[PDB]
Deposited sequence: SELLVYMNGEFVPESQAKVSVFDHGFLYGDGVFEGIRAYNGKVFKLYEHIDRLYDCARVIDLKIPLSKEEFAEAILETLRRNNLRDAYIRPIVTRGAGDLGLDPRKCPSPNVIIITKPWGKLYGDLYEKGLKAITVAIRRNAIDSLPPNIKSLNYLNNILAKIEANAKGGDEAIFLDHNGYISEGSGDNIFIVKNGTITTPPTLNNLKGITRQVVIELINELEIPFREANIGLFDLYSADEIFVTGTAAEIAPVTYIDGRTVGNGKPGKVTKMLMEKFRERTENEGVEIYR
């Protein structure tokens, strides 16, 4: 019955899946995480997510105590044990327990945890530009998908109070960065632009969509953009594992085009759907 959580090789019922309060992952958000979809029995972009996890751990100087290969098998086993076919997966690696101070050298053993949960619109999201700026590349690099997500939560708090489904960050230079958990793209006179990934995160969904754009031969640039570009865009959409491709039909109360998902967004959304149908790593095989 009850969903099981992978916890260091053990499979434990959801309601009992718990970590020592002395884990630095808990005390200090000292760890990294991923987000992964399974569609109809296949895991989409499994190895792109695992590689990013290992990069993020490396950036925080954390050794994940599983080879990448064992990590992929643990993800598939966790899904099998729970009999999932359509699912959202959340791997997490933490520093493990130490003493009460910051020093990671006192933390001999990382915890590895994998959560699995069973699993757009023709309306579109209302996006809100936030006062809080993205974490800076030289303080808490935003490319690290770490458990330090309070930057993102502050932005989400603002979007909640200010009539937004989604918060849009700028960085310190005034460049558009990304949504609180999704990359951003705009479309203007048939050309698509998205920020370079430096001040945001190297999204897997963003990467797939760049591939689709190049398959459709739509003019494309990866270039820094600003408010002026957001407020005069023909279309706007955000991307991420959970949201997939989500049209953004309003920005700060301003209607984007006619307020309905745009042509280019919709083409990308259907090419992206085929891809999630036809490619992935089969769970039951």
Where the deposited sequence has no C-alpha coordinates (positions from 1, in order): 120-125
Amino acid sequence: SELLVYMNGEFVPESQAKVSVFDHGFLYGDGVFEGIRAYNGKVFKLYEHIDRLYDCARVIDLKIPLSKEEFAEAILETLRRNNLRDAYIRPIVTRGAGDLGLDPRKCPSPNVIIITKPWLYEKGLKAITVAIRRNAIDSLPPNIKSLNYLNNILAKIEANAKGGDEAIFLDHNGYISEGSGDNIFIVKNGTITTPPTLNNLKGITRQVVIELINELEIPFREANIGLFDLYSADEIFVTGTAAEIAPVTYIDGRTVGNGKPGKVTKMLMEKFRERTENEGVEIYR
From here on, numbers count along this sequence of modelled residues.
Comparing average C-alpha B factors as deposited, tell me which of 232-240 and 255-263 sits higher. 255-263
Where do the C-alpha atoms have the higher mean temperature factor in this entry, in 212-220 or in 28-36? 212-220
In terms of CA temperature factor as recorded, identify the highest of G179, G174, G124, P91. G124
Highest CA temperature factor in the entry: which of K117, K162, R134, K156? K117
Test of reading the entry: by CA B factor among the chain's modelled residues, which third contains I184? lowest
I128, C-alpha B-factor rank within chain (lowest, middle or highest third): middle
Sorting the chain's modelled residues by C-alpha B-factor, tell me whether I192 ends up in the lowest, middle or highest third. middle
Compare the C-alpha B factor of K202 with those of the other modelled residues in its chain, then answer lowest, middle or highest third. middle
Among the modelled residues of this chain, does the Cα B factor of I113 put it in the lowest, middle or highest third? middle
